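Student: Just passing along the structure, written as structure tokens.
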Ligand SMILES: [Zn+2]
């Protein structure tokens with residue numbers, strides 16, 4: 008979940024982004040950008056949590072009433088005009104295992120070095136499993152954060168599919 | 001028909017006497033020569049049909065069905081090579097024998113001149129089909145599927161046996177040629193109402209008709225690949241062939257007895273097409289699409305117009321090659337991911353480029369994209385049903401909209417999108433699979449150039 | 001001033017306007033922390049197979065199998081012929097069939113009557 | 002030459018002569034010459050070469066003729082041998098009449114395109130011949146059903162003759 | 001897409017260039033490791049505006065889960081490098 | 552509602568259920584000679600009193 | 001008419017030529033985008049000859 | 018995928034080209050027949066009521 | 024355990040032992056010959072030659088004859104002033120109405 012601090016910062020980022028859409032021009036955005044900041048300062052250091060949550064609750068409703076119906080969205084952000092555009096070009100690395108030997112003859116250096124990564128992953132798997140069994144509580148993990156490599160020569164647990172992922176512009 | 005019956009029988013000695021490593025090659029090579037020689041049945045005349053002997057005759061209706069029937073035996077043997085690779089030698093040869101037997105009973109059924117002979121062979125197809133479903137299925141539901149496929153057919157078939165024998169005692173013969181000249185109008189009475197039901201219920205359980213179709217989503221889904229192909233390609237068309245023949249001696253009673261079945265079929269298209277939009281199993285989606293397509297055949301046959309009979313014949317041939325193609329495509333995924341759920345493997349166009357072209361072509365023919373013979377057959381039925389009643393255009397039109405939805409929903413869900421990350425055994429497509437699909441679509445697209453050879457006797 | 005938001009089955013209540021989010025008590029904290037435990041526990045079981053270098057196949061998901069089973073094979077054994085099902089099963093199954101029968105019977109009777117009287121135009125109708 | 006003119010009539014052509022009233026050259030006139038030299042002439046040479054080979058190995062094919070046999074009206078009930086030949090003859094005549102409706106329809110479709118904006122008045126004769134042949138075809142072949150036969154066509158004719166005969170009785174009633 | 005590829009030095013220069021143009025940051029003590037909270041006397045509201053100026057610089061959003069976890073210009077440089085496949 | 556519940560419950564299931572019930576009655580027999588032969592007597596009487604098979 | 005008819009069909013058949021050559025692979029890649037453009041460009045001039053005959 | 022398309026192309030053209038070449042020659046150096054009235058007292062065979070040579074060959078040999 | 028049963032045999036990948044596999048069989052010799060029979064009879068014979076045979080069928084169901092016959096009758100009918108098509112298919116000189 009989100010503490011009271013986070014729920015206020017997130018409301019602050021959204022308000023400026025939707026405020027930017029209404030203003031369009033850069034000079035006019037700066038004007039109301041400062042006024043919006045001021046309203047967040049005069050209550051910056053309120054002490055009563057109940058009043059603090061009251062202000063946040065009554066600010067969201069104002070935000071909802073005044074939100075732009077069609078806010079600006081970055082091209083590659085969720086809902087943008089370029090979101091997931093290149094998911095059709097992202098092929099996983101295991102697809103190269105099935106290449107015909109004739110094809111691999113055209114990339115000897117690449118497939119001479121690809122085998123080194125495969126050997127590295129294969130040798131380091133057994134240790135990674137141990138690093139998690141001993142460092143995890145009796146029942147099971149209570150969070151999704153993995154532990155780093157606590158020794159030299161050992162790679163972080165669960166690194167293959169976060170390191171070898173397809174590039175954001177595969178082609 | 002001895003030039004086709006006897007060679008089919010010789011496929012049995014060939015399979016058993018061949019080497020251990022050449023059963024699939026000898027069976028597939030000679031099953032393609034029998035298919036090649038089946039084109040000689042195309043010697044049809046505008047006035048008269050071919051009447052080889054007292055037993056067997058072939059006309060413009062049975063000829064295309066024979067050619068399709070003799071063209072699936074090679075394809076069924078190609079599709080079955082993989083999932084029977086680690087199988088005992090003798091059981092593989094018994095499996096091939098069952099398919100050969102099924103063809104033999106099928107090329108004698110479509111040519112039997114005497115209706116009771118047509119009945120014996122029409123029923124003989126249950127035995128090999130039942131054994132294929134129950135012995136070489138993969139799931140637990142294959143045993144419960146055979147009973148449904150067996151007792152639904154027999155429930156309506158036995159009443160047909162009594163009705164046929166009654167007709168011979170009255171008329172004096174069952175030879176189909178004689179019944180063209182000795183047929184008499186059916187007087188309207190409670191006795192003739194039940195002779196109409198008995199003479200037509202056996203065939204309407206095999207189409208299948210909506211309401212009586214519960215056996216099909218089980219048998220097609222739970223059968224092996226070869227069983228599904230013949231079940232949906234040639235065995236659903238025994239009902240169509242029978243009705244096109246038995247309706248000769250049921251006039252004029254068919255003019256008012258057809259109402260309950262037309263409404264079931266017209267309203268069954270929409271119910272079954274809608275069911276496809278919410279199917280989690282990919283092989284079950286294809287099965288429910290056969291019930292929706294075969295409901296147009298039922299309406300075309302029951303209204304008895306020259307256009308409808310032409311449309312029904314084309315639809316049966318077109319649906320035979322399209323349903324079979326879809327079953328093979330789905331099985332290709334099954335042999336890799338070992339599951340039938342449609343949402344398990346996605347984004348297969350980025351992993352199997354050329355296999356996504358077959359999916360597109362199969363889907364386009366399914367939704368009747370012109371000028372494919374699917375559209376020609378489906379179009380002729382709508383033209384005839386419009387003259388029957390202008391209001392049927394609403395129901396036919398809505399079924400076209402829903403048909404495109406599930407045809408493309410199947411394509412988008414499985415081929416497009418993002419691939420499943422954890423599935424890393426999707427190997428490149430084999431030459432067997434690519435050739436297997438190419439022997440479905442190519443004949444299906446070549447028939448558009450000369451459609452008259454699949455348009456039936458009324459052409 | 002600010003009209004109240006009225007949700008629907010096609011327009012869910014925004015999380016920022018949800019009263020249940022602001023009322024944070026100890027019991028919810030343990031619940032929210034407990035849900036993250038199952039989610040984190042499930043993730044590790046999936047990850048110990050996803051990252052396995054010798055694994056080549058499909059990681060069977062029991063959650064998916066239960067979904068398909070509940071939709072196909074678990075319907076009838078958990079069905080009872082009560083009033084809600086019998087009425088729904090009648091007006092959805094038999095209702096439409098009866099409605100369409102009279103729509104076609106009435107239309108064909110009217111058309112047949114005209115043709116006998118010769119007052120239905122079929123001047124160029126030779127295709128049927 | 003390749004088709005009898007009587008069955009497929011063609012009104013005489015009337016091509017207006019060019020009457021230029023400008024100095025600018027007509028591009029079509031140059032293209033017409035450039036097309037004849039580059040396209041028409043080389044095509045003709047090939048056709049002449051092929052047609053010479055045909056004349057060396059000429060052979061003929063004939064048009065089958067069917068002599069008349071007794072129709073269904075002369076056949077005893079339940080006599081398969083006599084009905085069979087009477088039925089086959091009827092089916093051969095059904096096809097011929099279908100092509101007649103095509104030939105007349107082709108005339109009506111050719112006239113409309115040929116006459117341009119004046120088709121409404123200049124194709125009156127073609128339209129009338131189409132409205133009569135269609136009526137004749139409809140009477141003898143409409144509503145028989147998918148299982149049409151000589152017996153049902155005869156059954157339809159006799160019913161109509163009864164209505165026509167019964168029309169006289171109530172028509173010559175005064 | 002015909003655009004020039006990014007570089008670690010190029011990313012770092014642009015990250016600092018924006019900070020040098022923030023009034024509440026004195027350029028004299030601005031360094032690639034200057035903590036925004038503990039080494040520059042800035043609060044979270046200002047830190048949010050920093051991210052809102054970085055994403056408008058490179059034209060890609062930073063989710064609020066990760067935006068509120070970067071507390072130094074070098075970290076922002078690493079974040080962009082990870083999300084753009086910049087390696088040398 | 553239709554394909555998985557009612558169409559199954561108005562033909563396959565109900566017909567199948569009746570045959571299961573009819574099989575239990577015919578087969579659930581105590582095996583006693585005294586009670587099988589007492590049934591022969593009832594058949595002979597009914598055949599003569601009701602159905603008059605003896606004339 | 002010998003020209004109006006011929007040039008009217010060649011316009012349609014010309015557009016289908018790149019499709020046919022890309023099925024039997026009787027061509028070369030890396031120039032196909034420039035191959036399709038030329039076919040459309042040449043199809044435009046051939047279609048004006050029938051159009052001029054209509055205006056005249 | 019490329020290999021399969023090469024095989025499909027090869028085998029279709031393996032007998033496709035001779036058929037195209039064969040059909041072209043038959044239409045050039047043999048050609049079709051000419052419709053003529055039946056000579057009096059002459060009974061044509063069943064394969065002399067067809068125009069194209071290949072149609073006549075099919076009727077004579079198989080049908 | 025409840026019985027002695029073999030473990031599930033992991034699916035065999037046909038490309039590991041033969042990257043040139045056509046997918047028909049594990050034996051390279053049999054596999055190549057299986058592809059040639061299917062591709063030759065399937066495509067080079069049944070389809071290519073089957074299409075040619077169908078293309079040149081001898082006047083399927085006498086449709087070219089019917090058109091040719093109708094030309095003769097229309098020429099005769101209009102030349103002699105008779106109706107192009109009659110509304111009675113059978114000569115009424117040989118019909119006896121019920122009463
Ligand atoms: Zn498998």
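Residue numbers (the deposited numbering), protein chains in the order written: chain H, 8 to 178; chain E, 1 to 459; chain U, 1 to 128; chain C, 2 to 175; chain Z, 1 to 88; chain A, 552 to 606; chain B, 1 to 56; chain D, 18 to 80; chain G, 24 to 122. Cβ atoms here follow ideal geometry from the backbone N, Cα and C, with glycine treated the same way.
Beta-carbon within less than 7 Å of residue 133 (chain E)'s beta-carbon, same chain only, minus the 5 sequence neighbours each way: which residues are those?
Tutor: Working through the second chain from its first residue, we reach residue 133 (chain E) at position 133. Hits under 7 Å: 142, 145, 146, 149, 219, 222, 223, 227.
Student: Just to confirm the assignment: which complete alpha helix (DSSP H) runs, minimum length 4, are found wholly within the segment 355 to 379 of chain E?
Tutor: Complete alpha helix (DSSP H) runs here, min 4: 355 to 366.
Student: Just the Cα atoms here: how many angstroms apart are residue 36 (chain C) and residue 3 (chain B)?
Tutor: Looking up residue 36 (chain C) in the fourth chain gives position 35. Looking up residue 3 (chain B) in the seventh chain gives position 3. Roughly 7 Å separates the two Cα atoms.
Student: What's the gap between the Cα of residue 161 (chain E) and the Cα of residue 255 (chain E)?
Tutor: By 1-based counting over the second chain, the position of residue 161 (chain E) is 161. By 1-based counting over the second chain, the position of residue 255 (chain E) is 255. When rounded, the distance between both Cα atoms is 24 Å.
Student: Need the endpoints of the alpha helix (DSSP H) that residue 64 (chain Z) sits in, please.
Tutor: Position 64 of the fifth chain, counting from 1, holds the residue named residue 64 (chain Z). Taken as a continuous stretch (DSSP letters only), the alpha helix (DSSP H) holding residue 64 (chain Z) covers 64 to 67.
Student: Return yes when the Cβ of residue 41 (chain U) is within less than 7 Å of the Cβ of residue 147 (chain H), no when it is not.
Tutor: Residue mapping note: residue 147 (chain H) aligns to position 140 of the first chain, counting from 1. Residue mapping note: residue 41 (chain U) aligns to position 41 of the third chain, counting from 1. Contact: yes.
Student: Strictly below 8 Å CB to CB, what residues from chain H border residue 360 (chain E)?
Tutor: Within the second chain, the letter at position 360 stands for residue 360 (chain E). Going along chain H, no residue has its Cβ under 8 Å from residue 360 (chain E), so there is no contact; the nearest lies around 15 Å.
Student: In terms of residue numbering, what span does the alpha helix (DSSP H) encompassing residue 43 (chain U) cover?
Tutor: Counted from its first residue, the third chain places residue 43 (chain U) at position 43. Looking at the DSSP string, the run of the alpha helix (DSSP H) that includes residue 43 (chain U) is 26 to 50.
Student: Residue 64 (chain G) lies in the alpha helix (DSSP H); which residues open and close that run?
Tutor: Translated into positions along the ninth chain, residue 64 (chain G) becomes position 41. No alpha helix (DSSP H) contains residue 64 (chain G), which DSSP labels as neither H nor E.
Student: Is there a Cβ of chain D sitting closer than 7 Å to that of residue 351 (chain E), yes or no?
Tutor: The sequence position of residue 351 (chain E) within the second chain is 351, counting from 1. Not an interface residue.
Student: Using the Cα positions of residue 88 (chain H) and residue 4 (chain Z), report the straight-line distance between them to the nearest angstrom.
Tutor: Along the first chain, read from residue 1 onward, the residue named residue 88 (chain H) stands at position 81. Along the fifth chain, read from residue 1 onward, the residue named residue 4 (chain Z) stands at position 4. Roughly 22 Å between the two C-alpha positions.
Student: Could you tell me if the beta carbon of residue 35 (chain G) falls within a distance shorter than 6 Å of some heavy atom in ligand 1?
Tutor: The residue you call residue 35 (chain G) lines up with position 12 of the ninth chain. Outside the cutoff, so no.
Student: Taking 7 Å as the CB-CB limit, is residue 556 (chain A) close to chain U?
Tutor: Indexing the sixth chain from 1 puts residue 556 (chain A) at position 5. True, the Cβ-Cβ gap to chain U drops below 7 Å.
Student: For a test of your reading of the model: does the CB of residue 338 (chain E) fall under 6 Å from any non-hydrogen atom of ligand 1? Yes or no.
Tutor: Within the second chain, the letter at position 338 stands for residue 338 (chain E). Answer for residue 338 (chain E): yes, Cβ within range of ligand 1.
Student: Where does the unbroken alpha helix (DSSP H) through residue 151 (chain C) begin, and where does it stop?
Tutor: Position 150 of the fourth chain, counted from the first residue, corresponds to residue 151 (chain C). Residues 151 to 172.
Student: With C-beta atoms as the reference, is residue 165 (chain H) less than 7 Å away from residue 51 (chain U)?
Tutor: For this step, residue 165 (chain H) is matched to residue 158 along the first chain. For this step, residue 51 (chain U) is matched to residue 51 along the third chain. Yes.
Student: Under 8 Å: do the segment 34 to 49 of chain D and the segment 440 to 455 of chain E share three or more Cβ pairs, one atom per stretch?
Tutor: Counting Cβ pairs under 8 Å, fewer than three are found: no touch.
Student: Given a cut-off of 7 Å on the beta-carbon distance, is the pair residue 98 (chain E) and residue 56 (chain E) in contact?
Tutor: The sequence position of residue 98 (chain E) within the second chain is 98, counting from 1. The sequence position of residue 56 (chain E) within the second chain is 56, counting from 1. No.
Student: Name the chain C residues that come within less than 8 Å of residue 126 (chain U), Cβ to Cβ?
Tutor: Here residue 126 (chain U) corresponds to residue number 126 of the third chain, with the count starting at 1. Chain C residues near residue 126 (chain U): 102, 135, 138, 139, 142, 143.
Student: Where does the unbroken alpha helix (DSSP H) through residue 44 (chain E) begin, and where does it stop?
Tutor: Translated into positions along the second chain, residue 44 (chain E) becomes position 44. No alpha helix (DSSP H) contains residue 44 (chain E), which DSSP labels as neither H nor E.
Student: Tell me, please, which residues DSSP counts as bridged to residue 82 (chain Z).
Tutor: Residue 82 (chain Z) sits at position 82 when you count from the first residue of the fifth chain. DSSP, once it has assigned bridges, lists no residue as partnering residue 82 (chain Z).
Student: Using DSSP with H/G/I as helix, E/B as strand and the rest coil, what is residue 117 (chain U)?
Tutor: To locate residue 117 (chain U), count along the third chain from 1; it is residue 117. Of the three classes helix, strand and coil, the one that applies to residue 117 (chain U) here is helix, per DSSP.
Student: Can the beta-carbon of residue 64 (chain E) be found closer than 7 Å to that of residue 317 (chain E)?
Tutor: Taking the first residue of the second chain as position 1, residue 64 (chain E) is located at position 64. Taking the first residue of the second chain as position 1, residue 317 (chain E) is located at position 317. A contact, by the Cβ cut-off of 7 Å.
Student: Using a beta-carbon distance below 7 Å, is residue 58 (chain C) in contact with chain D?
Tutor: Here residue 58 (chain C) refers to the residue found at position 57 when the fourth chain is read from its first residue. Yes, contact with chain D.
Student: Less than 8 Å between the CB atoms is what I'm expecting for residue 147 (chain U) and residue 263 (chain E), so what's the real figure, rounded?
Tutor: Outside the displayed range of chain U (1 to 128) lies residue 147 (chain U), so it cannot be described from this structure.
Student: What separation, rounded to the nearest whole angstrom, lies between the Cα atoms of residue 170 (chain E) and residue 90 (chain C)?
Tutor: Taking the second chain and counting its residues from 1, one reaches residue 170 (chain E) at position 170. Taking the fourth chain and counting its residues from 1, one reaches residue 90 (chain C) at position 89. For residue 170 (chain E) and residue 90 (chain C), the distance between alpha carbons rounds to 29 Å.
Student: Measuring only the C-alpha atoms, how far is residue 167 (chain C) from residue 90 (chain G)?
Tutor: Residue 167 (chain C) sits at position 166 when you count from the first residue of the fourth chain. Residue 90 (chain G) sits at position 67 when you count from the first residue of the ninth chain. If you take the alpha carbons of residue 167 (chain C) and residue 90 (chain G), they lie about 38 Å apart.
Student: Output the distance between the C-alpha atoms of residue 364 (chain E) and residue 55 (chain U), rounded to the nearest integer angstrom.
Tutor: On the second chain, residue 364 (chain E) is found 364 positions in, with the first residue counted as 1. On the third chain, residue 55 (chain U) is found 55 positions in, with the first residue counted as 1. Going by the C-alpha atoms only, they are around 37 Å apart.
Student: Are residue 113 (chain G) and residue 140 (chain C) closer than 7 Å when you measure CB to CB?
Tutor: As a position in the ninth chain, residue 113 (chain G) is number 90, starting the count at 1. As a position in the fourth chain, residue 140 (chain C) is number 139, starting the count at 1. Not closer than 7 Å, so no.
Student: Please tell me whether, using a cut-off of 6 Å, the distance from the CB of residue 65 (chain D) to the nearest non-hydrogen atom of ligand 1 is below it.
Tutor: On the eighth chain, position 48 is the one that residue 65 (chain D) refers to. Checking every heavy atom of ligand 1 against the Cβ of residue 65 (chain D), none is found closer than 6 Å.
Student: Can you give me the Cβ contacts of residue 315 (chain E) inside the same chain, cut-off strictly under 8 Å, excluding the 5 residues immediately before and after it?
Tutor: The residue labelled residue 315 (chain E) in the question sits at position 315 within the second chain. 293, 296, 297, 300, 374, 377, 378, 381.
Student: Can you tell me where the alpha helix (DSSP H) holding residue 30 (chain E) begins and where it ends?
Tutor: Here residue 30 (chain E) is taken as the residue at index 30 of the second chain, counted from 1. Here the alpha helix (DSSP H) through residue 30 (chain E) covers 23 to 37.
Student: Have a look at the DSSP bridge pairing and note the partners of residue 54 (chain D).
Tutor: The residue labelled residue 54 (chain D) in the question sits at position 37 within the eighth chain. Paired residues: none, contrary to the question.
Student: Within 7 Å of any Cβ in chain E, is that where the Cβ of residue 124 (chain H) sits?
Tutor: For the purposes of this step, residue 124 (chain H) is identified with residue 117 of the first chain, where counting begins at 1. Not one chain E Cβ lies under 7 Å of residue 124 (chain H).
Student: CB of residue 60 (chain U) to nearest heavy atom of ligand 1: below 6 Å?
Tutor: As a first step, residue 60 (chain U) must be located in the third chain, where it is residue number 60. Not under cutoff, so the answer is no.
Student: Should residue 112 (chain C) be labelled buried (16 or more other beta-carbon atoms within 10 Å of its own) or exposed?
Tutor: Sequence index remark: in the fourth chain, residue 112 (chain C) carries index 111 (1-based). Flag for residue 112 (chain C) reads buried.
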